Amino acid sequence: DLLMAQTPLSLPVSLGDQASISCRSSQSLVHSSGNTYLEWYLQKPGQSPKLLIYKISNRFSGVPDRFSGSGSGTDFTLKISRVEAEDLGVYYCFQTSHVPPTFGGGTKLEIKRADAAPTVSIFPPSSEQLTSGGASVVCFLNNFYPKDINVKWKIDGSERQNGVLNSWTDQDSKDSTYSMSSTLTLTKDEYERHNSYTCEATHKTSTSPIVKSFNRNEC
Amino acid sequence: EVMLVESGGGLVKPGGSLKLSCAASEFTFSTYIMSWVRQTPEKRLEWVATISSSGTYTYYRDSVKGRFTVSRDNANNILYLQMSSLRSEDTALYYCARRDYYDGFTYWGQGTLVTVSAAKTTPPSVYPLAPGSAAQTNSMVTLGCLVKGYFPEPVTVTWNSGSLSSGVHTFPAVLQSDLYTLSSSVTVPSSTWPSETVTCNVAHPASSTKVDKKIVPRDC
(Lines give C-alpha, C1' and ligand atoms only; values in the text may rest on other atoms or scores of the structure.)
Protein backbone atom coordinates (compact mmCIF):
# COMPACT_ATOMS: atom_id res chain seq x y z
CA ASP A 1 0.00 0.00 0.00
CA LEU A 2 1.05 3.60 -0.05
CA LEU A 3 2.98 4.09 3.18
CA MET A 4 4.28 7.33 4.60
CA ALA A 5 7.34 7.54 6.84
CA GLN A 6 8.16 10.58 8.97
CA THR A 7 11.49 11.54 10.31
CA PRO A 8 12.70 12.34 12.85
CA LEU A 9 10.34 10.74 15.33
CA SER A 10 11.13 13.47 17.83
CA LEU A 11 12.70 16.83 17.12
CA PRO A 12 14.30 18.81 19.92
CA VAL A 13 14.83 22.44 18.98
CA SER A 14 15.45 25.73 20.71
CA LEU A 15 13.25 28.78 20.51
CA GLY A 16 13.83 31.08 17.50
CA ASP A 17 15.79 28.30 15.73
CA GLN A 18 14.81 26.35 12.58
CA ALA A 19 13.21 22.95 12.38
CA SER A 20 12.55 20.77 9.40
CA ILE A 21 10.39 17.62 9.37
CA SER A 22 10.38 15.20 6.52
CA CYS A 23 7.83 12.85 5.07
CA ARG A 24 8.62 10.13 2.63
CA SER A 25 6.17 7.96 0.75
CA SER A 26 6.71 4.48 -0.54
CA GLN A 27 5.54 5.51 -4.06
CA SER A 28 5.18 8.82 -5.94
CA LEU A 29 2.37 10.99 -4.62
CA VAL A 30 1.85 12.49 -8.09
CA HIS A 31 -1.80 11.84 -8.86
CA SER A 32 -2.93 10.78 -12.38
CA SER A 33 -4.03 14.39 -12.85
CA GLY A 34 -0.44 15.62 -12.22
CA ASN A 35 -1.49 17.02 -8.88
CA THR A 36 0.00 16.15 -5.48
CA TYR A 37 -2.41 16.04 -2.51
CA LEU A 38 -0.06 16.28 0.46
CA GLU A 39 -1.10 18.09 3.65
CA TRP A 40 0.35 18.80 7.02
CA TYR A 41 -1.36 18.95 10.35
CA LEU A 42 -0.30 20.07 13.85
CA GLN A 43 -1.84 18.55 16.96
CA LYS A 44 -1.07 20.61 20.00
CA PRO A 45 -1.33 18.80 23.36
CA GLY A 46 -4.97 18.52 24.51
CA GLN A 47 -6.30 19.85 21.16
CA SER A 48 -7.72 18.50 17.98
CA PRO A 49 -5.45 18.39 14.95
CA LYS A 50 -5.11 21.60 12.95
CA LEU A 51 -4.51 22.00 9.19
CA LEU A 52 -1.34 23.92 8.38
CA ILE A 53 -0.54 23.14 4.71
CA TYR A 54 -2.45 21.65 1.71
CA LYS A 55 -1.30 20.71 -1.82
CA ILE A 56 2.33 20.70 -0.60
CA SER A 57 2.86 24.43 0.12
CA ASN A 58 -0.35 26.37 0.45
CA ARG A 59 -0.88 27.70 3.94
CA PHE A 60 -4.30 27.46 5.47
CA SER A 61 -6.12 30.42 6.96
CA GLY A 62 -4.26 32.01 9.89
CA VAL A 63 -1.08 29.91 9.36
CA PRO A 64 2.06 32.16 9.55
CA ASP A 65 4.73 32.50 6.92
CA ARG A 66 7.33 30.83 9.14
CA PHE A 67 5.66 27.45 8.36
CA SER A 68 6.35 26.34 4.87
CA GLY A 69 5.95 23.16 2.91
CA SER A 70 7.79 21.90 -0.05
CA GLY A 71 8.70 18.78 -1.94
CA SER A 72 7.81 16.61 -4.85
CA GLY A 73 7.40 12.98 -5.83
CA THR A 74 8.20 10.95 -2.74
CA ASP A 75 9.94 13.59 -0.47
CA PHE A 76 8.23 16.40 1.36
CA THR A 77 9.35 18.80 4.05
CA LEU A 78 7.67 21.07 6.41
CA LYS A 79 9.82 23.92 7.67
CA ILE A 80 9.39 26.25 10.61
CA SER A 81 11.86 28.99 10.01
CA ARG A 82 11.72 30.42 13.60
CA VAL A 83 10.27 28.10 16.27
CA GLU A 84 7.93 29.50 18.93
CA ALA A 85 6.78 27.68 22.06
CA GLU A 86 3.27 27.46 20.53
CA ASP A 87 4.56 25.25 17.72
CA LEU A 88 4.96 22.46 20.21
CA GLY A 89 3.10 19.22 19.46
CA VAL A 90 2.94 16.43 16.91
CA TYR A 91 3.10 17.20 13.21
CA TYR A 92 1.47 14.81 10.79
CA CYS A 93 1.70 14.50 7.08
CA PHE A 94 -1.21 13.15 5.09
CA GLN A 95 -1.70 12.12 1.49
CA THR A 96 -4.81 11.63 -0.55
CA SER A 97 -3.24 11.33 -4.06
CA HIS A 98 -3.61 7.56 -4.06
CA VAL A 99 -6.01 5.15 -2.34
CA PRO A 100 -6.30 4.97 0.50
CA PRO A 101 -5.70 8.24 2.23
CA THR A 102 -3.01 7.70 4.80
CA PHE A 103 -1.29 9.72 7.50
CA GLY A 104 2.37 9.63 8.48
CA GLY A 105 3.00 8.38 12.02
CA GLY A 106 3.78 11.84 13.37
CA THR A 107 6.83 13.78 14.46
CA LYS A 108 6.95 15.19 17.97
CA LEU A 109 8.44 18.67 18.18
CA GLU A 110 10.08 19.29 21.56
CA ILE A 111 11.12 22.70 22.69
CA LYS A 112 14.76 22.69 23.97
CA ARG A 113 14.72 25.29 26.87
CA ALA A 114 16.79 25.88 29.98
CA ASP A 115 17.04 23.36 32.75
CA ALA A 116 14.13 23.63 35.22
CA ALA A 117 14.09 21.94 38.65
CA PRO A 118 10.92 19.99 39.72
CA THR A 119 8.63 21.26 42.44
CA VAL A 120 8.00 18.03 44.41
CA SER A 121 4.96 17.63 46.66
CA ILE A 122 3.84 14.57 48.53
CA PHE A 123 0.17 13.89 49.51
CA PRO A 124 -0.71 11.46 52.32
CA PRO A 125 -3.73 9.16 51.54
CA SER A 126 -6.87 10.99 52.53
CA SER A 127 -8.53 9.25 55.50
CA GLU A 128 -11.55 9.00 53.05
CA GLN A 129 -9.76 6.34 51.09
CA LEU A 130 -8.87 3.99 53.87
CA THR A 131 -12.26 2.43 54.42
CA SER A 132 -11.88 1.07 50.88
CA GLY A 133 -9.09 -1.28 52.03
CA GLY A 134 -6.44 0.56 50.05
CA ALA A 135 -4.14 3.56 50.41
CA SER A 136 -2.70 5.65 47.55
CA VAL A 137 0.16 8.05 48.24
CA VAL A 138 0.64 10.68 45.43
CA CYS A 139 3.79 12.54 44.63
CA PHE A 140 3.80 15.36 42.08
CA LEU A 141 6.98 16.40 40.31
CA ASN A 142 6.01 19.52 38.40
CA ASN A 143 7.48 21.84 35.75
CA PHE A 144 10.89 20.34 35.25
CA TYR A 145 13.16 20.13 32.18
CA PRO A 146 14.67 17.97 30.66
CA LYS A 147 12.31 15.04 30.99
CA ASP A 148 14.99 12.63 32.41
CA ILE A 149 14.15 11.98 36.09
CA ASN A 150 14.81 9.28 38.65
CA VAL A 151 11.95 8.83 41.19
CA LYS A 152 11.91 6.40 44.03
CA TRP A 153 9.73 5.59 47.00
CA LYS A 154 10.95 4.62 50.43
CA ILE A 155 8.92 3.15 53.23
CA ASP A 156 10.59 3.36 56.64
CA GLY A 157 13.91 3.66 54.78
CA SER A 158 13.37 0.73 52.37
CA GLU A 159 12.79 1.18 48.69
CA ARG A 160 9.53 0.15 47.18
CA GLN A 161 8.69 -0.51 43.56
CA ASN A 162 5.74 -2.88 43.93
CA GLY A 163 2.55 -0.84 43.60
CA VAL A 164 4.10 2.28 42.02
CA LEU A 165 2.41 3.83 39.00
CA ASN A 166 3.84 6.75 37.12
CA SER A 167 2.41 9.11 34.60
CA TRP A 168 3.89 12.13 32.87
CA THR A 169 2.42 14.93 30.88
CA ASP A 170 3.51 16.21 27.51
CA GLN A 171 5.52 19.34 27.32
CA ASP A 172 3.42 22.28 28.43
CA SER A 173 3.11 25.22 26.03
CA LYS A 174 3.16 27.99 28.64
CA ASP A 175 6.64 27.19 29.99
CA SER A 176 7.89 24.24 27.94
CA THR A 177 8.29 21.91 30.95
CA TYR A 178 7.24 18.39 31.81
CA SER A 179 5.28 17.22 34.82
CA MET A 180 5.09 13.80 36.45
CA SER A 181 2.92 12.04 39.00
CA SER A 182 3.94 8.97 40.92
CA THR A 183 1.43 7.00 42.97
CA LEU A 184 2.25 4.26 45.48
CA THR A 185 -0.69 2.00 46.24
CA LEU A 186 -0.78 -0.41 49.19
CA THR A 187 -3.45 -2.33 51.01
CA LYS A 188 -4.68 -0.50 54.14
CA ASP A 189 -3.30 -3.37 56.16
CA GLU A 190 0.26 -2.85 54.94
CA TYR A 191 -0.11 0.94 55.10
CA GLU A 192 -0.87 0.76 58.83
CA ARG A 193 2.25 -1.34 59.58
CA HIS A 194 4.67 1.40 58.41
CA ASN A 195 5.24 4.92 59.64
CA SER A 196 7.48 6.94 57.29
CA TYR A 197 6.66 7.47 53.59
CA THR A 198 9.01 9.23 51.19
CA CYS A 199 9.07 10.33 47.62
CA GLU A 200 12.47 11.32 46.24
CA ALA A 201 13.82 12.48 42.95
CA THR A 202 17.07 13.22 41.26
CA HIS A 203 17.31 15.29 38.06
CA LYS A 204 19.86 17.15 35.91
CA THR A 205 19.27 20.20 38.17
CA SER A 206 19.68 18.26 41.39
CA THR A 207 21.88 15.19 41.70
CA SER A 208 21.42 15.06 45.46
CA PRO A 209 17.90 13.88 46.04
CA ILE A 210 14.90 16.08 46.45
CA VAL A 211 13.12 14.35 49.38
CA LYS A 212 9.54 14.81 50.53
CA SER A 213 8.27 12.67 53.33
CA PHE A 214 5.42 12.22 55.82
CA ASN A 215 4.60 10.19 58.80
CA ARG A 216 1.39 8.13 58.85
CA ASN A 217 0.55 9.41 62.42
CA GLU A 218 0.94 13.08 61.68
CA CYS A 219 -2.03 15.32 61.01
CA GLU B 1 -17.08 30.74 14.92
CA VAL B 2 -17.02 27.38 12.86
CA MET B 3 -18.11 24.61 15.29
CA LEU B 4 -18.18 20.83 15.20
CA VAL B 5 -19.24 18.99 18.33
CA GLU B 6 -19.28 15.21 18.42
CA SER B 7 -21.12 12.95 20.81
CA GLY B 8 -22.19 9.33 21.31
CA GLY B 9 -18.84 7.94 22.43
CA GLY B 10 -18.37 5.60 25.39
CA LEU B 11 -18.03 1.90 26.11
CA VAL B 12 -19.32 -0.80 23.78
CA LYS B 13 -18.96 -4.56 23.92
CA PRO B 14 -16.93 -6.36 21.28
CA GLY B 15 -19.25 -7.16 18.39
CA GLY B 16 -21.67 -4.45 19.49
CA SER B 17 -22.83 -1.26 17.82
CA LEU B 18 -22.99 2.50 18.41
CA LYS B 19 -23.99 5.72 16.70
CA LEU B 20 -21.81 8.85 16.78
CA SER B 21 -23.16 12.23 15.84
CA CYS B 22 -21.60 15.51 14.99
CA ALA B 23 -23.47 18.84 15.14
CA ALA B 24 -22.17 21.53 12.88
CA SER B 25 -22.82 25.26 12.89
CA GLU B 26 -21.67 28.60 11.39
CA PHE B 27 -21.08 27.31 7.89
CA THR B 28 -23.25 25.91 5.12
CA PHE B 29 -22.93 22.22 6.11
CA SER B 30 -24.94 20.86 3.22
CA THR B 31 -22.45 22.13 0.64
CA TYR B 32 -19.40 20.40 2.18
CA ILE B 33 -17.96 16.97 2.01
CA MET B 34 -17.69 15.77 5.54
CA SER B 35 -15.33 13.15 7.05
CA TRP B 36 -14.70 10.96 10.06
CA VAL B 37 -11.06 10.52 11.14
CA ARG B 38 -9.92 8.54 14.24
CA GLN B 39 -6.93 8.62 16.45
CA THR B 40 -5.75 5.36 17.90
CA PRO B 41 -4.48 4.66 21.37
CA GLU B 42 -0.97 4.73 19.91
CA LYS B 43 -1.78 8.36 18.69
CA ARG B 44 -1.93 7.38 14.97
CA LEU B 45 -4.54 9.07 12.79
CA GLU B 46 -6.66 6.97 10.47
CA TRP B 47 -9.20 8.27 7.94
CA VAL B 48 -12.49 6.34 8.47
CA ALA B 49 -15.21 7.60 6.15
CA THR B 50 -16.22 10.42 3.83
CA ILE B 51 -19.62 11.52 2.61
CA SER B 52 -20.54 13.84 -0.27
CA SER B 53 -22.37 17.06 0.44
CA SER B 54 -25.77 15.59 -0.59
CA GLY B 55 -25.24 12.12 0.96
CA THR B 56 -25.26 10.45 -2.43
CA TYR B 57 -21.68 9.14 -2.40
CA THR B 58 -19.82 7.49 0.46
CA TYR B 59 -16.33 6.11 0.90
CA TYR B 60 -14.95 4.02 3.75
CA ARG B 61 -11.60 2.73 4.89
CA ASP B 62 -11.50 -0.91 3.80
CA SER B 63 -11.48 -2.25 7.34
CA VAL B 64 -14.80 -0.62 8.12
CA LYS B 65 -16.74 -1.29 4.87
CA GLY B 66 -19.91 -3.29 5.52
CA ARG B 67 -19.64 -2.45 9.25
CA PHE B 68 -19.85 1.38 9.43
CA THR B 69 -22.36 3.66 7.77
CA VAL B 70 -21.74 7.42 7.43
CA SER B 71 -24.88 9.53 6.92
CA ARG B 72 -26.03 13.11 7.28
CA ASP B 73 -28.94 15.35 8.09
CA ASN B 74 -28.64 18.46 5.95
CA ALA B 75 -31.70 20.15 7.51
CA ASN B 76 -30.36 20.01 11.04
CA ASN B 77 -26.66 19.93 10.15
CA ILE B 78 -25.76 16.67 11.75
CA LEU B 79 -23.20 14.18 10.57
CA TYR B 80 -23.63 10.54 11.74
CA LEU B 81 -21.47 7.44 11.96
CA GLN B 82 -23.26 4.20 12.68
CA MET B 83 -20.78 1.56 13.82
CA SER B 84 -21.50 -2.25 14.01
CA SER B 85 -19.51 -5.40 14.56
CA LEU B 86 -17.13 -3.35 16.62
CA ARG B 87 -13.65 -4.59 17.32
CA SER B 88 -10.68 -3.69 19.48
CA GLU B 89 -9.20 -2.07 16.31
CA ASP B 90 -12.00 0.52 16.52
CA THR B 91 -11.01 1.90 19.94
CA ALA B 92 -10.15 5.46 19.19
CA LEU B 93 -10.99 9.08 19.57
CA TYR B 94 -13.32 9.87 16.63
CA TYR B 95 -13.27 13.34 15.01
CA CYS B 96 -15.68 14.75 12.47
CA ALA B 97 -13.99 17.09 10.06
CA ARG B 98 -14.97 19.33 7.20
CA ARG B 99 -13.22 18.22 4.06
CA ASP B 100 -12.62 21.03 1.54
CA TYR B 101 -12.13 18.74 -1.51
CA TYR B 102 -8.33 18.62 -1.98
CA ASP B 103 -7.63 21.65 0.26
CA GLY B 104 -7.60 19.56 3.48
CA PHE B 105 -9.42 18.64 6.62
CA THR B 106 -10.06 22.29 7.46
CA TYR B 107 -12.05 22.19 10.69
CA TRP B 108 -12.12 19.36 13.24
CA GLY B 109 -14.42 18.69 16.22
CA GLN B 110 -13.13 17.99 19.72
CA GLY B 111 -13.54 14.23 19.35
CA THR B 112 -15.68 11.57 21.09
CA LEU B 113 -13.96 8.53 22.57
CA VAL B 114 -15.02 4.96 21.77
CA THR B 115 -13.72 2.02 23.80
CA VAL B 116 -14.49 -1.45 22.66
CA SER B 117 -14.10 -3.79 25.60
CA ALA B 118 -15.86 -6.48 27.63
CA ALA B 119 -14.89 -4.71 30.89
CA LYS B 120 -17.51 -2.94 32.86
CA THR B 121 -18.38 0.73 33.23
CA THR B 122 -17.07 2.03 36.58
CA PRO B 123 -17.48 5.58 37.88
CA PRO B 124 -14.42 7.21 39.53
CA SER B 125 -13.66 7.39 43.23
CA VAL B 126 -12.44 10.96 43.80
CA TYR B 127 -10.17 11.72 46.81
CA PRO B 128 -8.67 15.04 47.84
CA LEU B 129 -4.94 15.66 47.73
CA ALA B 130 -4.12 18.20 50.42
CA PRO B 131 -0.37 18.77 50.95
CA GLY B 132 1.51 17.00 53.83
CA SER B 133 5.15 17.39 55.22
CA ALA B 134 5.76 20.63 53.17
CA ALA B 135 5.65 24.50 53.72
CA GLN B 136 8.86 25.57 51.86
CA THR B 137 10.68 27.20 48.83
CA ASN B 138 8.23 29.62 47.02
CA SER B 139 4.85 31.22 47.91
CA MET B 140 2.57 28.83 45.98
CA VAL B 141 0.63 25.82 47.27
CA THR B 142 -0.04 22.74 45.15
CA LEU B 143 -3.33 20.80 45.57
CA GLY B 144 -4.87 17.89 43.68
CA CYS B 145 -7.60 15.32 43.22
CA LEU B 146 -6.96 11.65 42.78
CA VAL B 147 -9.45 10.10 40.27
CA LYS B 148 -9.16 6.48 40.85
CA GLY B 149 -10.58 3.22 39.49
CA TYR B 150 -12.81 4.26 36.60
CA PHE B 151 -13.67 2.78 33.18
CA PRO B 152 -13.67 3.71 30.32
CA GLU B 153 -11.83 6.88 29.43
CA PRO B 154 -12.33 9.69 29.48
CA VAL B 155 -12.78 11.96 32.41
CA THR B 156 -12.81 15.68 32.36
CA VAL B 157 -11.23 17.58 35.26
CA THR B 158 -11.64 21.27 35.94
CA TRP B 159 -10.83 23.43 38.97
CA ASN B 160 -13.45 26.00 40.14
CA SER B 161 -15.41 25.31 36.96
CA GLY B 162 -12.51 26.41 34.78
CA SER B 163 -11.46 29.68 36.49
CA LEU B 164 -8.16 28.16 37.71
CA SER B 165 -6.95 26.54 34.45
CA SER B 166 -3.68 28.47 34.25
CA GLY B 167 -2.11 26.50 37.20
CA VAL B 168 -3.43 23.08 36.22
CA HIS B 169 -1.74 19.81 35.26
CA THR B 170 -3.96 16.77 34.63
CA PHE B 171 -1.95 13.60 34.26
CA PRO B 172 -2.70 10.84 31.71
CA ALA B 173 -4.58 7.92 33.10
CA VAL B 174 -2.70 4.71 33.77
CA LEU B 175 -4.56 1.46 33.29
CA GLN B 176 -4.28 -1.01 36.21
CA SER B 177 -6.74 -3.96 36.25
CA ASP B 178 -9.36 -2.85 33.67
CA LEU B 179 -9.46 0.37 35.69
CA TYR B 180 -7.89 3.75 35.07
CA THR B 181 -6.42 6.09 37.62
CA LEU B 182 -5.25 9.68 37.25
CA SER B 183 -4.43 12.71 39.29
CA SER B 184 -4.88 16.38 38.51
CA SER B 185 -2.89 19.12 40.24
CA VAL B 186 -3.53 22.82 40.70
CA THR B 187 -0.94 25.35 41.99
CA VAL B 188 -2.38 28.60 43.47
CA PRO B 189 -1.02 31.59 45.56
CA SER B 190 -0.51 30.70 49.29
CA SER B 191 -2.83 33.55 50.03
CA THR B 192 -5.88 32.01 48.28
CA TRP B 193 -6.05 28.58 49.93
CA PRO B 194 -7.19 27.64 52.52
CA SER B 195 -8.80 31.06 52.76
CA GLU B 196 -10.80 30.46 49.62
CA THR B 197 -12.57 27.52 47.96
CA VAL B 198 -10.64 25.33 45.59
CA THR B 199 -12.80 22.59 44.06
CA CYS B 200 -12.02 20.02 41.45
CA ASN B 201 -14.87 19.11 39.08
CA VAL B 202 -14.65 15.61 37.65
CA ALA B 203 -16.98 14.46 34.88
CA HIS B 204 -17.17 10.81 33.69
CA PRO B 205 -19.61 10.85 30.75
CA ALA B 206 -19.58 7.03 30.32
CA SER B 207 -21.11 6.62 33.78
CA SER B 208 -23.15 9.88 33.65
CA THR B 209 -21.42 11.03 36.82
CA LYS B 210 -20.18 14.38 37.92
CA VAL B 211 -18.23 14.83 41.17
CA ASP B 212 -17.35 18.09 42.95
CA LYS B 213 -14.69 17.83 45.60
CA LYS B 214 -13.71 20.80 47.66
CA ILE B 215 -10.09 20.47 48.91
CA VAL B 216 -10.06 21.33 52.62
CA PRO B 217 -6.92 21.41 54.76
CA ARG B 218 -5.80 18.37 56.74
CA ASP B 219 -5.90 18.75 60.52
CA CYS B 220 -5.73 16.52 63.61
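The structure we're discussing is the one just above.
Residues numbered from 1 in each chain as written, not as in the entry; some residues may be left out. Chains lettered and ligands numbered in written order. Heavy atoms only, no water.

Caption draft 1: Region of interest: the overall build of chain A. Per the secondary structure count, chain A includes two helices and 19 strands. The C-alpha atoms of chain A give a radius of gyration of 23 Å, which is well past the 17 Å a tight globule of 219 residues would have. Seen through its principal axes, chain A has C-alpha atoms that stretch 75 × 35 × 25 Å. Burial status across chain A gives 48% buried among its 219 residues. Contacts in chain A between residues at least 24 apart in sequence constitute 59% of all its contacts with a sequence separation of at least 6. Carbon and sulfur atoms make up 47% of the accessible area of chain A, which amounts to about 9800 Å² in all. (Helix = DSSP H or I, 4+ residues; strand = E, 2+ residues; numbered from the N terminus. Rg over C-alpha atoms; globule rule 2.2 N^0.38 Å. Buried < 20%, exposed > 50% of the residue type's maximum accessible area, 1.4 Å probe, protein only. Contact = heavy atoms within 4.5 Å. Areas by Shrake-Rupley, 256 points an atom, 1.4 Å probe, with all protein chains shown as cover.)

Caption draft 2: The pattern of salt bridges, seen in detail. By the definition in use, this model includes 22 salt bridges over all chains. Between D103 of chain B and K55 of chain A there is a salt bridge, with its nearest N and O atoms 2.8 Å apart. With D103 of chain B in the loop between β9 (92–99) and β10 (105–108) and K55 of chain A in the loop between β5 (50–54) and β6 (58–59), this pair bridges two chains. The exposure class of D103 of chain B is partly exposed, given its relative accessible area of 26%. When its relative accessible area of 32% is taken as the criterion, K55 of chain A is described as partly exposed. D189 of chain A is the partner of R193 of chain A in a salt bridge, and the nearest nitrogen-oxygen pair spans 2.9 Å. Since its relative accessible area comes to 59%, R193 of chain A is described here as exposed. (Salt bridge = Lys/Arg side-chain N within 4 Å of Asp/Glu carboxyl O.)

Caption draft 3: Up close: the sheet that holds strand β3 (residues 19–25) of chain A. Residues and elements named next belong to chain A. If you walk across this open sheet you meet the four strands as β1-β3-β8-β7, and the pairing is antiparallel. The open sheet terminates on both sides in strands that have one partner only, identified here as β1 (4–7) and β7 (67–72). Ignoring strand direction, the axes of neighbouring strands in this sheet form an average angle of 20 degrees. The pairing of β3 with strand β8 (residues 75–80) spans six bridges and is classified as antiparallel. Paired with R24 across the bridge in β8 is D75. (Pairing = 2+ DSSP bridges. Axes fitted to C-alpha atoms, helices over the stretch in contact; angles between N-to-C directions.)

Caption draft 4: The arrangement of the sheet that holds strand β19 (residues 206–215) of chain A in detail. Residues and elements named next belong to chain A. Taken together, the four strands give an open sheet; going across it, the order is β15-β14-β18-β19, and neighbouring strands pair in antiparallel fashion. The sheet is open, and its two borders are formed by β15 (158–160) and β19, each paired with just one other strand. With direction set aside, neighbouring strand axes in the sheet form an average angle of 30 degrees. Where strand β14 (residues 149–155) and β15 come together, three bridges link them in antiparallel fashion. Bridged to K154 within β15 is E159.

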